[PDB]
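Data file: coords-v1.pdb. Format and content: PDB, C-alpha atoms.
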```pdb
ATOM      1  CA  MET A   1     -21.118  -0.914   1.944  1.00  0.00           C
ATOM      2  CA  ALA A   2     -22.597  -0.662  -1.552  1.00  0.00           C
ATOM      3  CA  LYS A   3     -21.822   3.051  -1.837  1.00  0.00           C
ATOM      4  CA  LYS A   4     -18.657   2.967   0.272  1.00  0.00           C
ATOM      5  CA  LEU A   5     -15.446   2.521  -1.721  1.00  0.00           C
ATOM      6  CA  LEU A   6     -12.793   3.502   0.817  1.00  0.00           C
ATOM      7  CA  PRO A   7     -13.437   6.637   2.941  1.00  0.00           C
ATOM      8  CA  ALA A   8     -10.718   5.799   5.464  1.00  0.00           C
ATOM      9  CA  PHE A   9      -9.014   2.866   7.185  1.00  0.00           C
ATOM     10  CA  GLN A  10      -9.836   4.200  10.654  1.00  0.00           C
ATOM     11  CA  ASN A  11      -9.863   0.566  11.792  1.00  0.00           C
ATOM     12  CA  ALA A  12      -6.126   0.170  11.240  1.00  0.00           C
ATOM     13  CA  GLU A  13      -5.545   3.682  12.531  1.00  0.00           C
ATOM     14  CA  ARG A  14      -7.242   2.737  15.798  1.00  0.00           C
ATOM     15  CA  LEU A  15      -5.144  -0.396  16.340  1.00  0.00           C
ATOM     16  CA  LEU A  16      -2.139   1.499  14.977  1.00  0.00           C
ATOM     17  CA  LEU A  17      -2.700   3.858  17.891  1.00  0.00           C
ATOM     18  CA  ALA A  18      -2.710   0.841  20.191  1.00  0.00           C
ATOM     19  CA  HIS A  19       0.875  -0.102  19.262  1.00  0.00           C
ATOM     20  CA  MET A  20       2.209   3.468  19.225  1.00  0.00           C
ATOM     21  CA  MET A  21       0.376   4.253  22.474  1.00  0.00           C
ATOM     22  CA  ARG A  22       3.039   2.039  24.043  1.00  0.00           C
ATOM     23  CA  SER A  23       6.501   3.429  23.182  1.00  0.00           C
ATOM     24  CA  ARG A  24       8.048   6.442  21.418  1.00  0.00           C
ATOM     25  CA  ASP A  25       9.899   3.978  19.196  1.00  0.00           C
ATOM     26  CA  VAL A  26       6.590   2.596  18.127  1.00  0.00           C
ATOM     27  CA  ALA A  27       5.530   6.206  17.771  1.00  0.00           C
ATOM     28  CA  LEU A  28       8.143   6.376  15.033  1.00  0.00           C
ATOM     29  CA  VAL A  29       6.532   3.337  13.415  1.00  0.00           C
ATOM     30  CA  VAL A  30       3.164   5.039  13.202  1.00  0.00           C
ATOM     31  CA  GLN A  31       4.541   8.299  11.775  1.00  0.00           C
ATOM     32  CA  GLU A  32       7.326   6.752   9.663  1.00  0.00           C
ATOM     33  CA  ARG A  33       5.803   3.362   8.789  1.00  0.00           C
ATOM     34  CA  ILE A  34       2.392   4.930   8.135  1.00  0.00           C
ATOM     35  CA  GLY A  35       2.405   8.728   8.445  1.00  0.00           C
ATOM     36  CA  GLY A  36      -1.277   8.798   7.561  1.00  0.00           C
ATOM     37  CA  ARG A  37      -4.061  11.290   8.238  1.00  0.00           C
ATOM     38  CA  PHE A  38      -7.802  10.708   7.848  1.00  0.00           C
ATOM     39  CA  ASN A  39     -10.801  12.966   8.488  1.00  0.00           C
ATOM     40  CA  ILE A  40     -10.769  12.254  12.229  1.00  0.00           C
ATOM     41  CA  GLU A  41      -9.761  14.946  14.723  1.00  0.00           C
ATOM     42  CA  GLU A  42      -9.541  12.505  17.645  1.00  0.00           C
ATOM     43  CA  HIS A  43      -7.804   9.622  15.871  1.00  0.00           C
ATOM     44  CA  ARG A  44      -5.523  12.049  14.066  1.00  0.00           C
ATOM     45  CA  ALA A  45      -4.898  13.666  17.444  1.00  0.00           C
ATOM     46  CA  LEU A  46      -3.393  10.366  18.555  1.00  0.00           C
ATOM     47  CA  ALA A  47      -1.071  10.029  15.577  1.00  0.00           C
ATOM     48  CA  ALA A  48      -0.411  13.720  16.137  1.00  0.00           C
ATOM     49  CA  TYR A  49       0.052  13.221  19.865  1.00  0.00           C
ATOM     50  CA  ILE A  50       3.178  11.137  19.401  1.00  0.00           C
ATOM     51  CA  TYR A  51       4.714  13.458  16.789  1.00  0.00           C
ATOM     52  CA  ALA A  52       4.515  16.347  19.260  1.00  0.00           C
ATOM     53  CA  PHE A  53       5.205  14.223  22.344  1.00  0.00           C
ATOM     54  CA  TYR A  54       8.634  13.480  20.842  1.00  0.00           C
ATOM     55  CA  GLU A  55       9.702  17.064  21.472  1.00  0.00           C
ATOM     56  CA  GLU A  56       7.887  16.973  24.810  1.00  0.00           C
ATOM     57  CA  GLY A  57       9.434  13.958  26.534  1.00  0.00           C
ATOM     58  CA  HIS A  58      10.428  11.621  23.688  1.00  0.00           C
ATOM     59  CA  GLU A  59       7.784   9.128  24.799  1.00  0.00           C
ATOM     60  CA  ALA A  60       4.071   8.933  24.063  1.00  0.00           C
ATOM     61  CA  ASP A  61       3.097   8.790  27.739  1.00  0.00           C
ATOM     62  CA  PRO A  62      -0.314   7.018  27.670  1.00  0.00           C
ATOM     63  CA  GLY A  63      -1.598   8.519  30.900  1.00  0.00           C
ATOM     64  CA  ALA A  64      -0.370  11.921  29.750  1.00  0.00           C
ATOM     65  CA  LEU A  65      -1.339  11.921  26.059  1.00  0.00           C
ATOM     66  CA  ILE A  66      -4.363   9.584  26.348  1.00  0.00           C
ATOM     67  CA  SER A  67      -5.862  12.253  28.604  1.00  0.00           C
ATOM     68  CA  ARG A  68      -5.286  15.100  26.135  1.00  0.00           C
ATOM     69  CA  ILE A  69      -8.163  14.580  23.681  1.00  0.00           C
ATOM     70  CA  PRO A  70     -11.618  16.261  23.718  1.00  0.00           C
ATOM     71  CA  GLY A  71     -13.931  13.408  24.691  1.00  0.00           C
ATOM     72  CA  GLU A  72     -14.247  10.704  22.014  1.00  0.00           C
ATOM     73  CA  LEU A  73     -10.580   9.711  21.891  1.00  0.00           C
ATOM     74  CA  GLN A  74     -10.571   9.823  25.694  1.00  0.00           C
ATOM     75  CA  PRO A  75     -12.534   6.562  26.172  1.00  0.00           C
ATOM     76  CA  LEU A  76     -11.333   5.198  22.833  1.00  0.00           C
ATOM     77  CA  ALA A  77      -7.633   5.938  23.349  1.00  0.00           C
ATOM     78  CA  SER A  78      -7.672   4.656  26.929  1.00  0.00           C
ATOM     79  CA  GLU A  79      -8.991   1.324  25.691  1.00  0.00           C
ATOM     80  CA  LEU A  80      -6.962   1.614  22.478  1.00  0.00           C
ATOM     81  CA  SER A  81      -3.744   1.780  24.520  1.00  0.00           C
ATOM     82  CA  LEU A  82      -3.795  -1.959  23.905  1.00  0.00           C
ATOM     83  CA  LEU A  83      -7.366  -2.842  22.998  1.00  0.00           C
ATOM     84  CA  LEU A  84      -6.168  -5.189  20.290  1.00  0.00           C
ATOM     85  CA  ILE A  85      -2.399  -5.529  20.525  1.00  0.00           C
ATOM     86  CA  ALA A  86       0.311  -7.254  22.566  1.00  0.00           C
ATOM     87  CA  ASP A  87       3.444  -6.020  24.336  1.00  0.00           C
ATOM     88  CA  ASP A  88       5.293  -7.061  21.179  1.00  0.00           C
ATOM     89  CA  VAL A  89       2.845  -5.068  19.024  1.00  0.00           C
ATOM     90  CA  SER A  90       1.909  -8.308  17.258  1.00  0.00           C
ATOM     91  CA  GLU A  91       4.091  -8.399  14.126  1.00  0.00           C
ATOM     92  CA  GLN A  92       1.386  -9.889  11.900  1.00  0.00           C
ATOM     93  CA  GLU A  93      -0.985  -7.199  13.131  1.00  0.00           C
ATOM     94  CA  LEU A  94       1.623  -4.447  12.833  1.00  0.00           C
ATOM     95  CA  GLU A  95       2.051  -4.996   9.104  1.00  0.00           C
ATOM     96  CA  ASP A  96      -1.673  -5.693   8.702  1.00  0.00           C
ATOM     97  CA  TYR A  97      -3.138  -2.440   9.965  1.00  0.00           C
ATOM     98  CA  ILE A  98      -0.206  -0.186   9.039  1.00  0.00           C
ATOM     99  CA  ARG A  99      -0.543  -1.493   5.489  1.00  0.00           C
ATOM    100  CA  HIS A 100      -4.264  -0.782   5.776  1.00  0.00           C
ATOM    101  CA  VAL A 101      -3.508   2.747   6.984  1.00  0.00           C
ATOM    102  CA  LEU A 102      -1.629   3.319   3.721  1.00  0.00           C
ATOM    103  CA  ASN A 103      -4.844   3.436   1.668  1.00  0.00           C
ATOM    104  CA  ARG A 104      -2.596   4.720  -1.122  1.00  0.00           C
ATOM    105  CA  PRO A 105      -1.294   3.454  -4.509  1.00  0.00           C
ATOM    106  CA  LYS A 106       0.971   0.899  -2.824  1.00  0.00           C
ATOM    107  CA  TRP A 107       0.895  -2.685  -4.088  1.00  0.00           C
ATOM    108  CA  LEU A 108       2.483  -3.776  -0.802  1.00  0.00           C
ATOM    109  CA  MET A 109      -1.019  -3.462   0.648  1.00  0.00           C
ATOM    110  CA  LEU A 110      -2.108  -5.958  -1.994  1.00  0.00           C
ATOM    111  CA  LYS A 111       0.685  -8.233  -0.787  1.00  0.00           C
ATOM    112  CA  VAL A 112      -1.057  -8.288   2.574  1.00  0.00           C
ATOM    113  CA  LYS A 113      -4.170  -9.218   0.638  1.00  0.00           C
ATOM    114  CA  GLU A 114      -2.071 -11.894  -1.055  1.00  0.00           C
ATOM    115  CA  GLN A 115      -1.714 -13.579   2.295  1.00  0.00           C
ATOM    116  CA  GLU A 116      -5.359 -13.412   3.380  1.00  0.00           C
ATOM    117  CA  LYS A 117      -6.558 -13.991  -0.164  1.00  0.00           C
ATOM    118  CA  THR A 118      -4.350 -17.028  -0.537  1.00  0.00           C
ATOM    119  CA  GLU A 119      -6.047 -18.304   2.597  1.00  0.00           C
ATOM    120  CA  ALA A 120      -9.172 -17.873   0.506  1.00  0.00           C
ATOM    121  CA  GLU A 121      -7.593 -19.957  -2.238  1.00  0.00           C
ATOM    122  CA  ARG A 122      -7.343 -22.935   0.116  1.00  0.00           C
ATOM    123  CA  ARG A 123     -10.450 -22.279   2.258  1.00  0.00           C
ATOM    124  CA  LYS A 124     -12.102 -19.223   0.650  1.00  0.00           C
ATOM    125  CA  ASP A 125     -14.299 -16.668   2.413  1.00  0.00           C
ATOM    126  CA  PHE A 126     -17.818 -17.773   1.479  1.00  0.00           C
ATOM    127  CA  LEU A 127     -18.049 -20.473  -1.193  1.00  0.00           C
ATOM    128  CA  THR A 128     -15.324 -19.752  -3.746  1.00  0.00           C
ATOM    129  CA  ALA A 129     -12.041 -17.831  -3.628  1.00  0.00           C
ATOM    130  CA  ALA A 130     -13.519 -15.714  -6.437  1.00  0.00           C
ATOM    131  CA  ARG A 131     -14.547 -13.211  -3.757  1.00  0.00           C
ATOM    132  CA  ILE A 132     -11.049 -12.649  -2.427  1.00  0.00           C
ATOM    133  CA  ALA A 133      -9.710 -13.061  -5.961  1.00  0.00           C
ATOM    134  CA  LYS A 134     -11.891 -10.143  -6.996  1.00  0.00           C
ATOM    135  CA  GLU A 135     -10.205  -8.319  -4.136  1.00  0.00           C
ATOM    136  CA  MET A 136      -6.861  -8.828  -5.910  1.00  0.00           C
ATOM    137  CA  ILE A 137      -7.949  -7.417  -9.252  1.00  0.00           C
ATOM    138  CA  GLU A 138      -9.403  -4.702  -7.035  1.00  0.00           C
ATOM    139  CA  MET A 139      -6.083  -4.353  -5.247  1.00  0.00           C
ATOM    140  CA  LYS A 140      -4.312  -4.241  -8.610  1.00  0.00           C
ATOM    141  CA  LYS A 141      -6.480  -1.320  -9.720  1.00  0.00           C
ATOM    142  CA  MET A 142      -5.887   0.749  -6.581  1.00  0.00           C
ATOM    143  CA  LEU A 143      -2.102   0.326  -6.601  1.00  0.00           C
ATOM    144  CA  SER A 144      -2.044   0.538 -10.401  1.00  0.00           C
ATOM    145  CA  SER A 145      -3.335   3.896 -11.646  1.00  0.00           C
ATOM    146  CA  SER A 146      -5.951   3.521 -14.384  1.00  0.00           C
TER     147      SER A 146
END
```
Show how you would write the structure in this file as structure tokens.
Amino acid sequence: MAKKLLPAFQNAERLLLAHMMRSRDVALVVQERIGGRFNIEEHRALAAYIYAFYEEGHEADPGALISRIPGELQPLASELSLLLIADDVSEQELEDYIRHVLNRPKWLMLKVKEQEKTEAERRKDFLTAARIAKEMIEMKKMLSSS
């Protein structure tokens, strides 16, 4: 990804969907704890699904909403219902992807990096923590307007 700064965190948005695809309460988490919106009609349709479903039945019915997309979110959403998440939403994962969904000037996302990066301090990613460390200074720039 030489010429790919940060187009969108669709990865977190997809797993995000997985946790919200479970309960309306979680649906609040996606909208309230993330309230994002990338350039994806299908993925966005999921985040959008819940928002509207609240007025509908107050519960993001998977079988009902999962079968409301055009064709790409159909197979994706069905699997995404819990493709990479547990009944408990996976706390570590919840904060991981939601934070990723932020993709905004929020240092808290860097905090998440603080955890993984610190793991790099002790074990590193490749050879030296300098890689993840660079990620911090990178994280500092994004959250800190320059």
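Distances here use only C-alpha atoms; by that measure, the residue among A:89, A:69, A:40, A:142 closest to residue 25 (chain A) is A:89.
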Find the residue from A:21, A:12, A:96, A:7 that sits nearest to residue 64 (chain A); use only C-alpha atoms when measuring.
A:21
Length of the CA of residue 47 (chain A) to CA of residue 85 (chain A) vector [Å]:
16.4 Å
Residues in the PyMOL selection byres ((chain A and resi 121-138) around 12), expressed as JSON, numbers by chain
{"A": [5, 6, 105, 107, 108, 109, 110, 111, 112, 113, 114, 115, 116, 117, 118, 119, 120, 139, 140, 141, 142, 143, 144, 145, 146]}
Using the chain letters and numbers from the file, give me the residues hit by the PyMOL selection byres ((chain A and resi 102) around 10), as an MDAnalysis selection string.
chainID A and resid 8:9 12:13 33:37 97:101 103:106 108:109
Next, write the just-selected residues to a file, as a compact mmCIF listing (two decimals), in the frame of the given file, keeping C-alpha atoms as the atom set.
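Final output, saved to out.txt:
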```
# COMPACT_ATOMS: atom_id res chain seq x y z
CA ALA A 8 -10.72 5.80 5.46
CA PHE A 9 -9.01 2.87 7.18
CA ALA A 12 -6.13 0.17 11.24
CA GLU A 13 -5.54 3.68 12.53
CA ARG A 33 5.80 3.36 8.79
CA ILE A 34 2.39 4.93 8.14
CA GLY A 35 2.40 8.73 8.44
CA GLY A 36 -1.28 8.80 7.56
CA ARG A 37 -4.06 11.29 8.24
CA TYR A 97 -3.14 -2.44 9.96
CA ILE A 98 -0.21 -0.19 9.04
CA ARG A 99 -0.54 -1.49 5.49
CA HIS A 100 -4.26 -0.78 5.78
CA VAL A 101 -3.51 2.75 6.98
CA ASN A 103 -4.84 3.44 1.67
CA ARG A 104 -2.60 4.72 -1.12
CA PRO A 105 -1.29 3.45 -4.51
CA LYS A 106 0.97 0.90 -2.82
CA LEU A 108 2.48 -3.78 -0.80
CA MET A 109 -1.02 -3.46 0.65
```
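Those residues returned by the PyMOL selection byres ((chain A and resi 73) around 12) for this file are residues 14, 17, 18, 40, 41, 42, 43, 44, 45, 46, 47, 49, 65, 66, 67, 68, 69, 70, 71, 72, 74, 75, 76, 77, 78, 79, 80 and 81 of chain A.
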Using only C-alpha atoms, pick whichever of A:63, A:58, A:51, A:11 has the shortest atom-to-atom distance to residue 30 (chain A).
A:51
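Counting all atoms listed in the file and comparing A:55, A:19, A:10, A:4, the residue that lies closest to residue 91 (chain A) is A:19.
Going from CA of residue 22 (chain A) to CA of residue 48 (chain A) covers 14.5 Å.
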Mind listing whatever residues come within 8 Å of the point (8.3, 8.0, 19.7)? Use only C-alpha atoms, file coordinates, and give them as a CSV table (one decimal) with C-alpha atoms, in the coordinates of the input.
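The resulting file, point.csv, is reproduced below:
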```
chain,number,residue,atom,x,y,z
A,20,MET,CA,2.2,3.5,19.2
A,23,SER,CA,6.5,3.4,23.2
A,24,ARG,CA,8.0,6.4,21.4
A,25,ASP,CA,9.9,4.0,19.2
A,26,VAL,CA,6.6,2.6,18.1
A,27,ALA,CA,5.5,6.2,17.8
A,28,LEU,CA,8.1,6.4,15.0
A,50,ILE,CA,3.2,11.1,19.4
A,51,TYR,CA,4.7,13.5,16.8
A,53,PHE,CA,5.2,14.2,22.3
A,54,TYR,CA,8.6,13.5,20.8
A,58,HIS,CA,10.4,11.6,23.7
A,59,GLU,CA,7.8,9.1,24.8
A,60,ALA,CA,4.1,8.9,24.1
```
Atom-to-atom span, CA of residue 38 (chain A) and CA of residue 52 (chain A), Å
17.7 Å
Can you sort out region 91-120 of chain A so it carries N, CA and C atoms, written as an mmCIF file, keeping the file's coordinate frame?
```
data_model
loop_
_atom_site.group_PDB
_atom_site.id
_atom_site.type_symbol
_atom_site.label_atom_id
_atom_site.label_comp_id
_atom_site.auth_asym_id
_atom_site.auth_seq_id
_atom_site.Cartn_x
_atom_site.Cartn_y
_atom_site.Cartn_z
ATOM 1 N N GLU A 91 3.493 -8.622 15.444
ATOM 2 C CA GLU A 91 4.091 -8.399 14.126
ATOM 3 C C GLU A 91 3.081 -8.539 12.992
ATOM 4 N N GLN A 92 2.374 -9.661 12.949
ATOM 5 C CA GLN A 92 1.386 -9.889 11.900
ATOM 6 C C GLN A 92 0.383 -8.741 11.851
ATOM 7 N N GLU A 93 -0.032 -8.292 13.027
ATOM 8 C CA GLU A 93 -0.985 -7.199 13.131
ATOM 9 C C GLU A 93 -0.342 -5.878 12.732
ATOM 10 N N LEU A 94 0.910 -5.683 13.136
ATOM 11 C CA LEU A 94 1.623 -4.447 12.833
ATOM 12 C C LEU A 94 1.624 -4.157 11.337
ATOM 13 N N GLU A 95 2.014 -5.143 10.551
ATOM 14 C CA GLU A 95 2.051 -4.996 9.104
ATOM 15 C C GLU A 95 0.647 -4.987 8.500
ATOM 16 N N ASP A 96 -0.307 -5.597 9.203
ATOM 17 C CA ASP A 96 -1.673 -5.693 8.702
ATOM 18 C C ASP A 96 -2.394 -4.353 8.705
ATOM 19 N N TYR A 97 -2.441 -3.707 9.859
ATOM 20 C CA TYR A 97 -3.138 -2.440 9.965
ATOM 21 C C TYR A 97 -2.332 -1.293 9.366
ATOM 22 N N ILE A 98 -1.025 -1.244 9.624
ATOM 23 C CA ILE A 98 -0.206 -0.186 9.039
ATOM 24 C C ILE A 98 -0.410 -0.180 7.528
ATOM 25 N N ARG A 99 -0.336 -1.367 6.924
ATOM 26 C CA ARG A 99 -0.543 -1.493 5.489
ATOM 27 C C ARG A 99 -1.926 -0.967 5.127
ATOM 28 N N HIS A 100 -2.899 -1.245 5.991
ATOM 29 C CA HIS A 100 -4.264 -0.782 5.776
ATOM 30 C C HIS A 100 -4.325 0.741 5.864
ATOM 31 N N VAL A 101 -3.555 1.302 6.793
ATOM 32 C CA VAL A 101 -3.508 2.747 6.984
ATOM 33 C C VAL A 101 -3.017 3.448 5.722
ATOM 34 N N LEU A 102 -2.175 2.760 4.955
ATOM 35 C CA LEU A 102 -1.629 3.319 3.721
ATOM 36 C C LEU A 102 -2.742 3.876 2.835
ATOM 37 N N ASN A 103 -3.716 3.029 2.507
ATOM 38 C CA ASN A 103 -4.844 3.436 1.668
ATOM 39 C C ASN A 103 -4.379 4.267 0.473
ATOM 40 N N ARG A 104 -3.163 3.999 0.011
ATOM 41 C CA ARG A 104 -2.596 4.720 -1.122
ATOM 42 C C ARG A 104 -2.190 3.751 -2.229
ATOM 43 N N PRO A 105 -1.716 4.278 -3.372
ATOM 44 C CA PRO A 105 -1.294 3.454 -4.509
ATOM 45 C C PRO A 105 -0.042 2.634 -4.197
ATOM 46 N N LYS A 106 -0.151 1.745 -3.215
ATOM 47 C CA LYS A 106 0.971 0.899 -2.824
ATOM 48 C C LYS A 106 0.590 -0.575 -2.905
ATOM 49 N N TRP A 107 1.163 -1.267 -3.881
ATOM 50 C CA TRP A 107 0.895 -2.685 -4.088
ATOM 51 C C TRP A 107 1.188 -3.506 -2.837
ATOM 52 N N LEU A 108 2.124 -3.043 -2.012
ATOM 53 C CA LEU A 108 2.483 -3.776 -0.802
ATOM 54 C C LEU A 108 1.232 -4.105 0.012
ATOM 55 N N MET A 109 0.237 -3.226 -0.051
ATOM 56 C CA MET A 109 -1.019 -3.462 0.648
ATOM 57 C C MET A 109 -1.706 -4.681 0.044
ATOM 58 N N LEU A 110 -1.546 -4.829 -1.268
ATOM 59 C CA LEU A 110 -2.108 -5.958 -1.994
ATOM 60 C C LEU A 110 -1.393 -7.232 -1.567
ATOM 61 N N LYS A 111 -0.104 -7.099 -1.247
ATOM 62 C CA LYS A 111 0.685 -8.233 -0.787
ATOM 63 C C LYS A 111 0.038 -8.800 0.467
ATOM 64 N N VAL A 112 -0.375 -7.896 1.351
ATOM 65 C CA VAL A 112 -1.057 -8.288 2.574
ATOM 66 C C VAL A 112 -2.313 -9.064 2.196
ATOM 67 N N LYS A 113 -2.977 -8.575 1.155
ATOM 68 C CA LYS A 113 -4.170 -9.218 0.638
ATOM 69 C C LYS A 113 -3.792 -10.568 0.046
ATOM 70 N N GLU A 114 -2.570 -10.654 -0.475
ATOM 71 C CA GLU A 114 -2.071 -11.894 -1.055
ATOM 72 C C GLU A 114 -2.082 -12.996 -0.015
ATOM 73 N N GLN A 115 -1.769 -12.620 1.215
ATOM 74 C CA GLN A 115 -1.714 -13.579 2.295
ATOM 75 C C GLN A 115 -3.112 -14.034 2.709
ATOM 76 N N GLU A 116 -3.997 -13.078 2.982
ATOM 77 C CA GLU A 116 -5.359 -13.412 3.380
ATOM 78 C C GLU A 116 -6.100 -14.058 2.217
ATOM 79 N N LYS A 117 -5.920 -13.485 1.037
ATOM 80 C CA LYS A 117 -6.558 -13.991 -0.164
ATOM 81 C C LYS A 117 -6.124 -15.411 -0.456
ATOM 82 N N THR A 118 -4.837 -15.690 -0.287
ATOM 83 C CA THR A 118 -4.350 -17.028 -0.537
ATOM 84 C C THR A 118 -5.061 -17.986 0.401
ATOM 85 N N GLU A 119 -5.316 -17.513 1.623
ATOM 86 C CA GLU A 119 -6.047 -18.304 2.597
ATOM 87 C C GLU A 119 -7.411 -18.625 2.006
ATOM 88 N N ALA A 120 -7.903 -17.698 1.185
ATOM 89 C CA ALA A 120 -9.172 -17.873 0.506
ATOM 90 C C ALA A 120 -9.022 -18.906 -0.600
#
```
